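Student: Sharing a structure here in structure tokens format.
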Amino acid sequence: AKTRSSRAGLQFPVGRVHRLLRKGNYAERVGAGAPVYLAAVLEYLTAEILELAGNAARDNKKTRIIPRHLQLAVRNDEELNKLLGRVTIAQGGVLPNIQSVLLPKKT
Amino acid sequence: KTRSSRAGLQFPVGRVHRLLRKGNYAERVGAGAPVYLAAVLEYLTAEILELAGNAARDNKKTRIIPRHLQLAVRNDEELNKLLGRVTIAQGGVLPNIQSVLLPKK
Amino acid sequence: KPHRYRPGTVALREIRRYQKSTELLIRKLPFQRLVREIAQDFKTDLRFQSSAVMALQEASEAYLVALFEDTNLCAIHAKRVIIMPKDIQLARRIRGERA
Amino acid sequence: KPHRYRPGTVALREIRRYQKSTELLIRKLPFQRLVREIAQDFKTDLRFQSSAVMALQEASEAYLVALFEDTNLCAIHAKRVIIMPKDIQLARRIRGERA
Amino acid sequence: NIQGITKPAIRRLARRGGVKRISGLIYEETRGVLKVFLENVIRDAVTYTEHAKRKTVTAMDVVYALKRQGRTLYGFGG
Amino acid sequence: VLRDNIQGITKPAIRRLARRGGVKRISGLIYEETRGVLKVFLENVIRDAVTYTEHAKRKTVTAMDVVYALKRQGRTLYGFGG
Amino acid sequence: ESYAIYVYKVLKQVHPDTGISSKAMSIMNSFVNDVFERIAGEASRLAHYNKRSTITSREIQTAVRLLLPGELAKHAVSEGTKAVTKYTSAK
Amino acid sequence: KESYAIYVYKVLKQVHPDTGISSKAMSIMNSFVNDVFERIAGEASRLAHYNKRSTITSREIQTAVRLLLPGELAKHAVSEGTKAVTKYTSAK
DNA sequence: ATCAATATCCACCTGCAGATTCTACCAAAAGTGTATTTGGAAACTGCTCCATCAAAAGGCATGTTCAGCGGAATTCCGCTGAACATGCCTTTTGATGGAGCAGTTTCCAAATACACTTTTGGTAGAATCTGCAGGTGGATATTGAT
DNA sequence: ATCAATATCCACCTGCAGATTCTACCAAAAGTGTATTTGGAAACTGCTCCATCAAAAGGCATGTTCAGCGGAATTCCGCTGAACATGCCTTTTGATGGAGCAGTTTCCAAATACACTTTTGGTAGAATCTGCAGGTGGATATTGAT
């Protein structure tokens with residue numbers, strides 16, 4: 001008795017998702033495709049952000065990913081940045097960015 | 001007799017109720033919710049038409065057209081806040097010129 | 001006889017004029033064309049209800065008229081009276097439409 | 001004779017400093033009070049999970065930091081480097097908070 | 001077609017917005033914005049069209065897209 | 001009795017915020033203007049947060065209350081239960 | 001279906017000698033449907049937060065308090081609470 | 001109280017086998033998943049209503065993913081989901 | 001440019017809180033397998049309303065000229081930012097009584113699920129009605145030239 | 001201040017487009033009635049975590065002084081918008097075949113609903129593990145006075 005997750009070639013919980021879809025009351029019924037498809041999308045996305053975060057950790061010479069890393073990853077990618085243009089990642093801080101005209105000297 | 005009347009309302013309590021369940025908002029829908037909600041749709045409605053009818057009059061007009069609705073809305077602090085992200089087709093804008101832009105009297 | 005209106009007398013007049021009317025200010029045929037052209041890049045051989053184009057325009061002009069509102073404000077903040085691109089640029093940025 | 005940093009040399013160091021961390025920049029206790037004061041003058045006898053007070057602080061500084069950026073730009077737009085209330089006001093107006 | 005949106009027309013909009021004096025370089029800056037607006041909105045409307053297996057973008061298709069854009073329009077459903 | 005707590009947001013504090021915001025130079029009037037802006041923000045969120053609390057017939061404002069009220073106002077916070 | 005007739009009725013109690021244009025009625029219809037969706041949605045969420053299966057006037061009220069500006073809200077609550085009362089007191 | 005944690009941790013290990021994650025960050029991650037989850041199911045939900053359809057299928061899910069996510073992300077998202085659906089279908 | 005004062009960088013260092021790691025109970029999930037129901041794709045179609053088009057309509061492109069707007073340049077000035085002394089209020093670390101969130105059983109008021117029945121709101125095709133948009137005119141306020 | 005040229009109103013007028021009144025048809029509603037089920041309030045209560053008093057130590061807020069620099073006020077001048085009359089090329093309007101958008105029917109792939117069985121992912125709690133925070137020193141800038 002395999003799981004639908006495995007049957008779909010997935011890491012995320014297909015059953016759980018198909019379950020929440022029901023309890024979230026988004027429609028009278030939910031076809032077996034939706035949950036499979038939605039767990040996939042969910043999984044794909046977490047991977048993309050973890051890839052990017054993981055690098056930031058590496059860049060800052062750390063092993064454990066922390067909120068800042070998540071933040072640096074999101075604000076540095078055009079897309080994850082748009083996908084989350086109104087999300088506030090707690091303890092993430094902002095990206096280092098000083099306006100030119102605020103720097104000294106001349107050249 | 002219809003629920004609207006039992007609730008003393010001009011709006012369709014039966015319809016609202018229908019729309020609530022068919023709208024997938026909850027598993028079930030109490031009996032008063034549609035009454036309450038209908039009651040609330042009616043009042044907001046009356047509110048706009050009221051101010052809107054006034055605009056009509058203040059224009060020597062007797063039939064309410066879009067402009068009269070737009071004027072009535074952006075002139076009321078509250079309604080304006082509520083429709084703060086709504087465009088009323090054929091509403092135009094409120095007459096307003098930045099002070100600094102008026103001729104140097 | 002030599003008769004002329006001073007710069008702005010005509011403007012403010014035009015401002016009062018249009019702020020009163022509600023008609024669309026862009027010519028429909030040119031608009032509809034641009035609309036379809038843009039569309040065609042997302043899906044070929046499409047059609048538009050007379051009404052879909054009307055909504056789009058009504059929405060378009062509305063958006064702009066309001067963006068010119070914020071721009072004039074940005075122009076004024078910089079103690080100017082001539083709206084420039086950087087004024088549109090600044091408004092769209094604080095609007096979250098840019099960065 | 002004794003060493004003295006010019007104005008804005010320290011500011012940049014602070015921008016670089018603070019822009020590099022993520023710790024909350026407001027005294028935690030004073031903030032809890034303000035939260036409790038406001039909450040209370042809305043409904044008496046209320047309690048707070050520590051996490052709730054923290055979520056508010058996180059939200060609040062995140063908001064202010066972002067608002068200061070907009071402000072900074074608005075000032076710069078006006079060819080200045082010293083932000084002023086008017087800058088904060090222009091930003092909030094375009095943002096749609098007091099339009 | 002983009003230039004189909006004329007100076008006079010753009011000038012008119014700006015006046016409805018209370019603009020008194022207009023820079024020359026604004027007309028092209030304007031068009032660009034209008035373009036990104038339509039692109040962003042039509043794209044979403046057309047998606048509604050296709051999800052519906054249709055060949056005609058309907059007024060409701062645009063209404064629905066605008067709402068998602070946060071540009072709610074009253075008068076064509078709402 | 002709780003009063004004037006808004007003055008609990010010190011000049012030092014507001015300065016650090018503006019620094020993270022990339023601000024170099026600050027007007028002396030910015031501090032009070034800011035306190036005002038903060039106050040309206042906190043007011044708006046707490047209200048909704050507390051509306052959620054009473055509805056749940058609770059006496060304790062929970063972190064979810066605050067997270068729900070924040071999403072209501074389009075200022076979604078990741079990290080406290082969503 | 002469309003709220004138009006009910007709108008027209010409500011209009012008459014207010015301004016009995018005032019009429020409305022189609023384009024305006026359409027806007028009024030869009031208005032009703034809008035608010036309906038917004039109030040309903042909030043209520044829906046509310047219930048879910050409290051792990052409840054039913055949307056009662058309890059929800060509709062709270063929803064309203066969250067959706068309308070203070071004064072507007074106040075009245076809206078009143079109008080609404082009144083209806084439920086009237087309704088409950090009848091066969 | 002369920003959470004997408006163990007699954008995040010799994011996906012984490014695949015991409016960066018030797019990298020860890022703090023709890024605060026895993027929370028931010030659990031918030032991220034649920035956020036996007038509701039968002040998609042939402043667009044899916046309405047889309048269905050707009051069409052007088054009572055079932056949400058992989059087809060609504062997909063349209064939503066298109067309405068919701070930006071260029072490159074959406075493109076790839078569709079693939080993964082189609083992929084999964086196809087594999088889930090062709091397996092029974 | 002030279003040098004003195006200071007801050008930033010950074011690799012090494014290791015106590016230690018927060019993270020990885022079990023042993024296991026397991027109520028709840030998730031999965032397996034009929035039985036029953038049906039939502040909506042698919043094929044066929046009538047009929048709107050949309051893409052197309054020629055004709056009468058009427059706004060835009062265009063070159064001149066100059067008023068006036070915006071920035072470069074030069075100031076006194078005042079208010080902001082370092083630097084510094086002083087010492088308070090926050091942060092840190094616990095222990096603690098108990099408010100009140102939260103789990104479990106109890107159980108009826110209320111919501112669900114057809115069934116039968118009466119009304120009503122939308123659609124349609126005709127006819128009749130009417131608010132007001134443009135058009136005219138003549139008065140007057142506005143603006144610009146001197 | 002004085003014309004002269006326009007722009008701007010106000011009052012009245014009327015044709016017709018779009019609002020309105022009349023009617024029969026009626027399928028989807030909405031209401032009434034009966035039987036069955038259940039969400040969630042009520043009540044007893046375990047147990048989490050909130051408010052709170054205690055106290056010490058120092059990280060920081062407060063307040064002062066002083067000069068340096070940024071902003072506002074002003075004058076100057078080159079440059080470009082904008083007003084304007086000129087002249088047709090593109091938009092608008094009302095008329096017409098036909099392409100799809102919807103209405104109707106058919107019927108099957110697929111989604112409930114329900115009974116059992118099996119897998120597991122939250123978890124109370126143990127004990128062991130480990131990245132890095134926070135401390136230290138010294139090599140490497142970055143500043144600013146000269």
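Identifiers in the structure tokens: chain A, B, ... in order shown; residue index from 1 per chain; ligand index from 1 in order shown.
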Do a least-squares overlay of chain C on chain D, C-alpha atoms all paired in order, then report the RMSD in Å.
Tutor: 0.7 Å
Student: Counting only C-alpha atoms, which residues of chain D fall within 7 Å of chain A, and what is the closest atom pair for each with its distance in Å at one decimal, ordered by chain and rising number, as CSV?
Tutor:
```
residue,atom,partner,partner_atom,distance
D:16,CA,A:96,CA,6.9
D:19,CA,A:96,CA,5.2
D:20,CA,A:96,CA,6.4
D:21,CA,A:93,CA,6.3
D:22,CA,A:93,CA,4.3
D:23,CA,A:91,CA,6.6
D:58,CA,A:90,CA,6.1
```
Student: Could you please select, counting only C-alpha atoms (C1' of nucleotides), the residues of chain G within 9 Å of chain J and state them as a ChimeraX atom specification?
Tutor: /G:19-22,52-54
Student: Output N, CA and C atoms for every residue in that selection, as a PDB file, in the first residue's frame.
Tutor:
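This is the output file part-v3.pdb:
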```
ATOM      1  N   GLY G  19     -34.848  59.092 -10.005  1.00  0.00           N
ATOM      2  CA  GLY G  19     -34.680  57.891 -10.789  1.00  0.00           C
ATOM      3  C   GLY G  19     -33.207  57.607 -10.997  1.00  0.00           C
ATOM      4  N   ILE G  20     -32.906  56.443 -11.547  1.00  0.00           N
ATOM      5  CA  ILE G  20     -31.532  56.038 -11.753  1.00  0.00           C
ATOM      6  C   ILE G  20     -31.281  55.516 -13.166  1.00  0.00           C
ATOM      7  N   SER G  21     -30.104  55.832 -13.712  1.00  0.00           N
ATOM      8  CA  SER G  21     -29.696  55.357 -15.050  1.00  0.00           C
ATOM      9  C   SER G  21     -29.190  53.897 -15.013  1.00  0.00           C
ATOM     10  N   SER G  22     -29.304  53.221 -16.146  1.00  0.00           N
ATOM     11  CA  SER G  22     -28.897  51.837 -16.229  1.00  0.00           C
ATOM     12  C   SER G  22     -27.465  51.697 -15.822  1.00  0.00           C
ATOM     13  N   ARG G  52     -14.926  26.520  13.482  1.00  0.00           N
ATOM     14  CA  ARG G  52     -16.393  26.432  13.514  1.00  0.00           C
ATOM     15  C   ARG G  52     -16.912  26.043  12.134  1.00  0.00           C
ATOM     16  N   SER G  53     -17.987  25.272  12.089  1.00  0.00           N
ATOM     17  CA  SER G  53     -18.553  24.834  10.814  1.00  0.00           C
ATOM     18  C   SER G  53     -19.668  25.750  10.282  1.00  0.00           C
ATOM     19  N   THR G  54     -20.168  26.651  11.126  1.00  0.00           N
ATOM     20  CA  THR G  54     -21.256  27.527  10.711  1.00  0.00           C
ATOM     21  C   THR G  54     -21.029  29.032  10.733  1.00  0.00           C
TER      22      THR G  54
END
```
Student: Using only C-alpha atoms and a cut-off of 12 Å, which residues of chain H sit close to chain B? Please list them as a list in words.
Tutor: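 The answer, sorted by residue number, is residues 42, 45, 46, 48, 49, 50, 52, 53, 54 and 55 of chain H.
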Student: Quick one: write out the picked residues with N, CA and C atoms as a tab-separated table (two decimals), in the first residue's frame?
Tutor:
```tsv
chain	number	residue	atom	x	y	z
H	42	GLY	N	-7.31	29.59	-3.19
H	42	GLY	CA	-8.25	30.68	-3.27
H	42	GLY	C	-8.55	30.98	-4.72
H	45	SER	N	-10.52	28.32	-6.14
H	45	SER	CA	-11.88	28.38	-5.66
H	45	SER	C	-12.77	29.28	-6.50
H	46	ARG	N	-12.40	30.55	-6.60
H	46	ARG	CA	-13.16	31.54	-7.36
H	46	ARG	C	-13.25	31.18	-8.83
H	48	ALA	N	-13.34	28.49	-10.29
H	48	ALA	CA	-14.38	27.50	-10.39
H	48	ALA	C	-15.75	28.19	-10.32
H	49	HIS	N	-15.93	29.08	-9.35
H	49	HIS	CA	-17.22	29.74	-9.25
H	49	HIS	C	-17.49	30.51	-10.51
H	50	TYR	N	-16.59	31.39	-10.90
H	50	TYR	CA	-16.76	32.17	-12.13
H	50	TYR	C	-17.25	31.32	-13.30
H	52	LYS	N	-19.11	28.34	-12.87
H	52	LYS	CA	-20.22	27.50	-12.46
H	52	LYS	C	-19.80	26.03	-12.53
H	53	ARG	N	-18.66	25.75	-11.91
H	53	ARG	CA	-18.08	24.42	-11.83
H	53	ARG	C	-18.04	24.14	-10.33
H	54	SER	N	-18.41	22.94	-9.90
H	54	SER	CA	-18.41	22.67	-8.46
H	54	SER	C	-17.20	21.88	-7.96
H	55	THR	N	-16.32	21.52	-8.87
H	55	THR	CA	-15.16	20.75	-8.48
H	55	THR	C	-13.88	21.46	-8.83
```
Student: Residues of chain D no more than 12 Å from chain B, counting only C-alpha atoms: send them over as an MDAnalysis selection string.
Tutor: chainID D and resid 96:99
Student: Please, could you write that set of residues out with N, CA, C and O atoms as a PDB file, in the first residue's frame?
Tutor:
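File produced: result29.pdb:
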```
ATOM      1  N   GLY D  96      -1.096  55.672   0.007  1.00  0.00           N
ATOM      2  CA  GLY D  96      -2.518  55.504   0.171  1.00  0.00           C
ATOM      3  C   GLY D  96      -2.890  55.344   1.624  1.00  0.00           C
ATOM      4  O   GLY D  96      -3.789  54.589   1.963  1.00  0.00           O
ATOM      5  N   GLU D  97      -2.207  56.063   2.492  1.00  0.00           N
ATOM      6  CA  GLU D  97      -2.486  55.981   3.906  1.00  0.00           C
ATOM      7  C   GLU D  97      -3.155  57.274   4.427  1.00  0.00           C
ATOM      8  O   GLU D  97      -3.772  57.284   5.498  1.00  0.00           O
ATOM      9  N   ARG D  98      -3.042  58.355   3.657  1.00  0.00           N
ATOM     10  CA  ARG D  98      -3.630  59.652   4.019  1.00  0.00           C
ATOM     11  C   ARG D  98      -3.778  60.514   2.753  1.00  0.00           C
ATOM     12  O   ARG D  98      -3.619  61.742   2.796  1.00  0.00           O
ATOM     13  N   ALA D  99      -4.104  59.854   1.640  1.00  0.00           N
ATOM     14  CA  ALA D  99      -4.247  60.488   0.322  1.00  0.00           C
ATOM     15  C   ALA D  99      -5.271  61.629   0.169  1.00  0.00           C
ATOM     16  O   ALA D  99      -6.092  61.850   1.089  1.00  0.00           O
TER      17      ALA D  99
END
```
Student: Need the shell around stretch 27-34 of chain H: protein/DNA/RNA residues with any atom at most 7 Å away, counting only C-alpha atoms (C1' of nucleotides). Skip same-chain ones fewer than 4 positions apart. Format as a PyMOL selection string?
Tutor: (chain A and resi 42+89) or (chain F and resi 78-79+81-82) or (chain H and resi 3-5+23+38)
Student: For each of J:145, J:84, J:1, J:111, take the minimum atom-to-atom distance to residue H:57, counting only C-alpha atoms (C1' of nucleotides), then give the residue where this is smallest.
Tutor: J:111
Student: Give the residues of chain B that lie within 8 Å of chain A; count only C-alpha atoms, and format the answer as number ranges by chain.
Tutor: B: 24-27
Student: Atom CA of residue B:81 and atom CA of residue G:69, how far apart in Å?
Tutor: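 Separation of atom CA of residue G:69 and atom CA of residue B:81: 7.4 Å.
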Student: Grab the atom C1' of residue J:102 to atom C1' of residue I:48 distance for me, in Å with one decimal place.
Tutor: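 Answer for the atom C1' of residue J:102 to atom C1' of residue I:48 separation: 9.4 Å.
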Student: Show which residues sit within 12 Å of residue F:60, as a PyMOL selection string. Count only C-alpha atoms (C1' of nucleotides), and ignore same-chain residues fewer than 5 positions away.
Tutor: (chain D and resi 36+39+43-53) or (chain F and resi 49-55+65-66) or (chain I and resi 99-101) or (chain J and resi 49-50)
Student: Write the selection just made, keeping N, CA and C atoms (P, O5', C5', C4', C3', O3' and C1' of nucleotides), as a compact mmCIF listing (two decimals), in the first residue's frame?
Tutor:
```
# COMPACT_ATOMS: atom_id res chain seq x y z
N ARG D 36 0.39 47.65 25.33
CA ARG D 36 -0.60 47.46 26.37
C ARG D 36 -1.46 48.72 26.62
N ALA D 39 -3.81 48.92 23.44
CA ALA D 39 -4.78 47.83 23.53
C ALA D 39 -5.83 48.16 24.57
N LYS D 43 -9.99 48.23 24.95
CA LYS D 43 -10.70 47.19 25.65
C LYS D 43 -9.89 46.90 26.89
N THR D 44 -10.56 46.99 28.03
CA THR D 44 -9.89 46.74 29.29
C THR D 44 -9.73 45.25 29.53
N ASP D 45 -9.02 44.91 30.60
CA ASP D 45 -8.81 43.52 30.97
C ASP D 45 -8.47 42.62 29.79
N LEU D 46 -7.29 42.82 29.21
CA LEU D 46 -6.83 42.01 28.09
C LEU D 46 -5.47 41.44 28.44
N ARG D 47 -5.16 40.27 27.92
CA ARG D 47 -3.86 39.68 28.19
C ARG D 47 -3.08 39.46 26.89
N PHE D 48 -1.77 39.29 27.00
CA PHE D 48 -0.96 39.09 25.82
C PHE D 48 0.03 37.96 25.88
N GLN D 49 0.01 37.10 24.87
CA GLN D 49 0.99 36.02 24.76
C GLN D 49 2.25 36.83 24.41
N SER D 50 3.41 36.41 24.90
CA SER D 50 4.63 37.15 24.60
C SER D 50 4.84 37.18 23.09
N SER D 51 4.50 36.09 22.41
CA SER D 51 4.65 36.02 20.97
C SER D 51 3.80 37.06 20.21
N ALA D 52 2.67 37.44 20.78
CA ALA D 52 1.81 38.43 20.16
C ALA D 52 2.48 39.79 20.21
N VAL D 53 3.04 40.11 21.37
CA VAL D 53 3.73 41.38 21.51
C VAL D 53 4.93 41.44 20.59
N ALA F 49 -6.80 43.00 15.77
CA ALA F 49 -6.29 41.89 16.56
C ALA F 49 -7.27 41.60 17.70
N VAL F 50 -7.64 42.65 18.43
CA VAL F 50 -8.55 42.51 19.54
C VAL F 50 -9.97 42.19 19.09
N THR F 51 -10.38 42.63 17.91
CA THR F 51 -11.71 42.25 17.45
C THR F 51 -11.73 40.72 17.32
N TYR F 52 -10.65 40.16 16.76
CA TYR F 52 -10.54 38.70 16.60
C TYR F 52 -10.59 37.98 17.96
N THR F 53 -9.94 38.58 18.96
CA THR F 53 -9.85 38.02 20.31
C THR F 53 -11.19 37.92 20.98
N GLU F 54 -11.93 39.02 21.00
CA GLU F 54 -13.25 39.03 21.62
C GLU F 54 -14.13 38.04 20.92
N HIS F 55 -14.08 38.03 19.60
CA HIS F 55 -14.91 37.10 18.89
C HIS F 55 -14.73 35.66 19.36
N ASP F 65 -4.03 36.11 16.56
CA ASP F 65 -4.91 37.27 16.50
C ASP F 65 -4.18 38.37 15.75
N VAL F 66 -2.94 38.59 16.15
CA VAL F 66 -2.11 39.59 15.54
C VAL F 66 -1.75 39.23 14.10
P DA I 99 -7.22 33.39 39.83
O5' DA I 99 -7.48 34.20 38.50
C5' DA I 99 -6.60 35.26 38.12
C4' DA I 99 -6.26 35.14 36.65
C3' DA I 99 -7.46 34.95 35.74
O3' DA I 99 -7.29 35.73 34.56
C1' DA I 99 -5.97 33.12 35.48
P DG I 100 -8.54 35.97 33.59
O5' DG I 100 -8.37 34.83 32.50
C5' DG I 100 -7.13 34.66 31.84
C4' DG I 100 -7.12 33.35 31.09
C3' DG I 100 -8.41 33.03 30.33
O3' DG I 100 -8.07 32.43 29.10
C1' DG I 100 -7.83 31.23 31.70
P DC I 101 -8.61 33.03 27.72
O5' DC I 101 -7.93 32.07 26.66
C5' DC I 101 -6.52 32.05 26.53
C4' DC I 101 -6.01 30.64 26.47
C3' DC I 101 -6.59 29.74 25.37
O3' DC I 101 -5.52 28.98 24.80
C1' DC I 101 -6.83 28.67 27.44
P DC J 49 2.42 26.90 26.94
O5' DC J 49 2.18 28.26 27.73
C5' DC J 49 1.01 29.04 27.51
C4' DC J 49 1.06 30.26 28.40
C3' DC J 49 2.41 30.98 28.36
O3' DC J 49 2.25 32.38 28.58
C1' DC J 49 1.96 30.32 30.52
P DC J 50 1.86 33.35 27.36
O5' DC J 50 1.18 34.60 28.07
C5' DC J 50 -0.16 34.51 28.53
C4' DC J 50 -0.29 35.14 29.89
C3' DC J 50 0.54 36.41 30.13
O3' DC J 50 -0.25 37.47 30.66
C1' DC J 50 0.85 34.90 31.91
```
Student: Would you tabulate, counting only C-alpha atoms (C1' of nucleotides), all residues of chain J that have an atom at most 10 Å from an atom of chain F, showing the closest pair of atoms and their distance in Å to one decimal, sorted by chain then ascending number, as JSON lines?
Tutor:
```
{"residue": "J:50", "atom": "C1'", "partner": "F:60", "partner_atom": "CA", "distance": 9.1}
{"residue": "J:60", "atom": "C1'", "partner": "F:12", "partner_atom": "CA", "distance": 9.1}
{"residue": "J:61", "atom": "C1'", "partner": "F:12", "partner_atom": "CA", "distance": 7.3}
{"residue": "J:62", "atom": "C1'", "partner": "F:11", "partner_atom": "CA", "distance": 9.9}
{"residue": "J:70", "atom": "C1'", "partner": "F:25", "partner_atom": "CA", "distance": 9.7}
```
